[PDB]
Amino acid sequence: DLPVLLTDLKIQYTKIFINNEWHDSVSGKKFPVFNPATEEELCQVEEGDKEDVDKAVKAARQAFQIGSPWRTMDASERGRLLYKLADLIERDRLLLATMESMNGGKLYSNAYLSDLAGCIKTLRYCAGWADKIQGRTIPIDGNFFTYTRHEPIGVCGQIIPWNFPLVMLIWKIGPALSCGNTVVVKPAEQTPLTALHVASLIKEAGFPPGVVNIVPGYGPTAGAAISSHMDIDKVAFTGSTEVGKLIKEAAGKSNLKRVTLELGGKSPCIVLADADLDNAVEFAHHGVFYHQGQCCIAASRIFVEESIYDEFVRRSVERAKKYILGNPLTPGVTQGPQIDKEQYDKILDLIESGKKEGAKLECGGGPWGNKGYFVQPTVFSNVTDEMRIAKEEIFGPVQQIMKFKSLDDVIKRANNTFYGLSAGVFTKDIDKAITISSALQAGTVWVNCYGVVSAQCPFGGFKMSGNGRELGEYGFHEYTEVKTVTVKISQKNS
């Protein structure tokens, strides 16, 4: 069931959110927000800069002080606030999904049925952890009582990408708040709108002021201010590996703040000859084409065993030729635009390298339409490992299909990348499923599926695809700081 909003969307929240109030930029400057399907301006939003980040950090620091409402409230009450926030997002599901679709160029069916469902489910999952974050009592040598506190770290700077604005906002704030941190959030310059609406709901849910602060603005200004700030305890960032490197450097040069990064991928799939072929084709297809290819985990290198390679390519091409391009709000449309010009240019440049370096173009290969940042869904076969399209994250609707004969060799090829976010293995062989998944240098490995992500599972990269994990039990670790307390006693007993 796909219900829709019955009135035109009106944009209300366009200002900086600090201490549960709306602020103009210190500059007085604003910046435009565009719709990528029409190239039209949707509205202007206050442009946050270093001066505004400083106000937000001061607010978050004050909300984190010992004795404050956020520090002293029961853990179970932090959980309650998060479950309330999920209920409010559920209440505003139609408007949020519309806004997400309109600002982000995201298919409305996916926005409503997947992104919003995921936001709500993830918030509810995180809410359940709040009063279940525990330290330890430890049988130390000598006559001492030793325990640990898993405290919140403090003020967390969180830089959110444009590809999944609402989902990634919640993946960041859910665990951070559950653990008792305060946050300064910088949504993507392309997509600040849904975050600002969520801020209105944070205020409505009853979070104490300064617990969540949202500063829309640009990467090289507001993002750099966050990453270099002397009083931000931790920075979380999702986006390009290139910017990830700058964040990690700036944290080092400033105040040695903790850093977690979810970055690019060039994720491989390995399709063995014994695989359920149709299942592999469909998952690998969705794996690379989901959200116009604008996913870190895009299955952007598909290695298929020689004997089923031709059949795999044929079936893949026929699936890729079935899309309907257009405005992501219109029912039945199955491919929206890319987010902006830079991304659009990068994709087209990479598609040209595939042609020029001698990959076989099966379909697509150019732009589409008179308006919007649309790229035809593109398939390349006979791709080799040295090609630009085999090495660089495209972040567009561009599928690479390669052949292999040797399993030893294809695992090396799969692993022969600085990336390491995810991988897929398609086989009916139990031993191969376990041994291949163990040998792949990737944070998540799917077996006979692809792109299955849930709140209960930790998610993150090996190698240059990231540092740390988000979600699951393990993800909550990087939002706590462990303190050991050791007390002298006259005599200990087991």
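Note that residue numbering begins at 1 and tracks the sequence as displayed.
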### Task
Could you check which stretch, 353-361 or 149-157, carries the larger mean CA temperature factor in the entry?
353-361
### Query
On average, are the C-alpha B-factors higher in 110-118 or in 309-317?
309-317
### Query
Can you tell me which of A37, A433, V452, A439 has the highest Cα temperature factor in the record?
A37
### Query
Which is it among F418, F289, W129, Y373: the one with the largest CA B-factor in the entry?
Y373
### Query
Taking the entry's C-alpha B-factors for this chain, is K10 in the lowest, middle or highest third?
highest
### Message
Based on the deposited C-alpha B factors for this chain, I'd like to know if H23 is in the lowest, middle or highest third.
### Response
highest
### Message
Test of reading the entry: by CA B factor among the chain's modelled residues, which third contains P328?
### Response
highest
### Query
Can you tell me which third, lowest, middle or highest, the CA B-factor of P139 falls into for its chain?
lowest
## Note on the structure
In terms of its chain's C-alpha B-factors, the third that includes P367 is the highest
